[PDB]
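# Structural features, examined
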Amino acid sequence: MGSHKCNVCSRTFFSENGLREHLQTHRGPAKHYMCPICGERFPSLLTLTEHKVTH
Ligand SMILES: [Zn+2]
Ligand SMILES: [Zn+2]
């Protein structure tokens, strides 16, 4: 047994499933994309696409 806990906050979960949903809140809202080839990060899946082709 134990406690499925955030660790980042360490102070919150609604449940184990609650924590699972809550765990992703620290990735943040996805208004960006990470590069397939070199993993550089750009403010959209558009700026990333421009970066991708002229790599
Ligand atoms: Zn948290
Ligand atoms: Zn790249």
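Residues numbered from 1 in each chain as written, not as in the entry; some residues may be left out. Chains lettered and ligands numbered in written order. Heavy atoms only, no water.

The name that the PDB entry assigns to the chain is Zinc finger protein 423, with the source organism given as Homo sapiens. Here the PDB entry title reads "Solution NMR Structure of Zinc finger protein 423 from Homo sapiens, Northeast Structural Genomics Consortium (NESG) Target HR7298F".

### Structural notes on the coordination of the zinc ion (ligand 2)
Of the protein atoms, only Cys-35 (SG), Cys-38 (SG), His-51 (NE2) and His-55 (NE2) coordinate the zinc ion (ligand 2), at distances of 2.1 to 2.3 Å. Seen from the zinc ion (ligand 2), its four donor atoms lie at angles of 106 to 112°, and the figure they make is tetrahedral. Within one chain, the residues serving as donors to the zinc ion (ligand 2) are arranged as C-x2-C-x12-H-x3-H. A residue pair is termed long-range when its members are at least 10 positions apart, and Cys-35 in the loop between β1 (33-34) and β2 (41-42) and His-55 in the segment after α2 (47-53) qualify at 20 residues. On the accessibility criterion, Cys-35 (6% relative accessible area) is buried. (Donors = N, O, S within 2.8 Å, 3.2 Å for Na, K, Ca; no water. Tetrahedral: all angles 85-135°; square planar, octahedral: opposite > 155°, others 65-115°. Helix = DSSP H or I, 4+ residues; strand = E, 2+ residues; numbered from the N terminus. Buried < 20%, exposed > 50% of the residue type's maximum accessible area, 1.4 Å probe, protein only.)

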